[PDB]
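Student: quick one: initial chain(s) of a complex, as found there:
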Amino acid sequence: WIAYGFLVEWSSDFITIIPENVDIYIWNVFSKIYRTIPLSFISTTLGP
């Protein structure tokens, strides 16, 4: 059972058993969060 239960995952390179979907999802979340940084930096530094 260990074959399916944490051996072929523990012994494999995690680049293999990880979809590119989650990498694209994390990158999209990151780029959506840090998208207003130039405008907010300009608004803070150009303020009073």
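Tutor: Looks like it arrived, so ask away. Numbering: from 1, shown residues only, chains lettered A, B, ... in the order given.
Student: scan chain A for its longest helix.
Tutor: Secondary structure of chain A per DSSP state H: the longest helix is helix A:20-33.
Student: now it, how far from the centre of its chain.
Tutor: 5 Å (C-alpha atoms, centre = their mean, to the nearest Å).
Student: so which bits of it are buried?
Tutor: Residues of helix A:20-33 classed as buried: none (neighbour count, 16 or more other C-beta atoms under 10 Å). Heads up, the C-betas are built off the backbone N, CA and C, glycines and all.
Student: output that helix as CSV - backbone C-alpha positions only.
Tutor: The C-alpha trace of helix A:20-33 is given here as CSV (Å, rounded to 0.1, in the frame of the first residue of the first chain):
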residue,chain,number,x,y,z
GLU,A,20,1.6,23.4,-13.5
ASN,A,21,-2.0,24.5,-12.6
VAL,A,22,-1.0,25.2,-9.0
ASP,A,23,2.1,27.1,-10.0
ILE,A,24,0.0,29.2,-12.4
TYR,A,25,-2.6,29.7,-9.7
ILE,A,26,0.0,30.8,-7.1
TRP,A,27,1.6,33.2,-9.6
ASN,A,28,-1.7,34.7,-10.6
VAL,A,29,-2.6,35.2,-6.9
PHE,A,30,0.8,36.8,-6.2
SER,A,31,0.6,39.1,-9.3
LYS,A,32,-3.0,40.1,-8.4
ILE,A,33,-2.0,41.0,-4.8
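Student: chain B should join the structure above:
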Amino acid sequence: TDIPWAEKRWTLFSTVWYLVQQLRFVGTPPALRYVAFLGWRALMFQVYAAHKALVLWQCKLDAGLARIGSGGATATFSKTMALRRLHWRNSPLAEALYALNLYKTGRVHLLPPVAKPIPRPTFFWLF
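Tutor: Placing chain B onto the earlier chains gives this:
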């Protein structure tokens, strides 16, 4: 496909201006860009109406200066020069020379040369 190579020049000013354009295009939301675009469109329509009224008044001044300078005979105005003022094809020197020409000899249909387009200024690596 037909970009002039003077607009592909890499300079310090264009390096700075890339930041302004990047903040405009990928740094500012298209919703706020759209409402600013609507506001600029309305303001430009208002300034076009103002310029059209100013051009019509300049036609009236053209007739007045063409009377004072030819006595009372020539009292018309050049409609081609009116469209030239409206399309911004006249230099201020051309406008002054034409006005002076009307004021002291008349000759409405004797027009100054059309101003050439201003070429893009270049200063080595600066701009």
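Student: from the centroid of the chain, which residue is nearest?
Tutor: Here I'm looking at chain A. Centrality entry for chain A: nearest residue to the mean C-alpha point is residue A:26, 2.8 Å, by C-alpha atoms, centre = their mean.
Student: hmm, I had chain B in mind actually
Tutor: Centre-most residue of chain B, counting by C-alpha atoms, centre = their mean: residue B:88, 3.5 Å.
Student: residue of chain A nearest chain B, please.
Tutor: Nearest to chain B in chain A, going by C-beta to the nearest C-beta, is residue A:38, at a distance of 4.7 Å.
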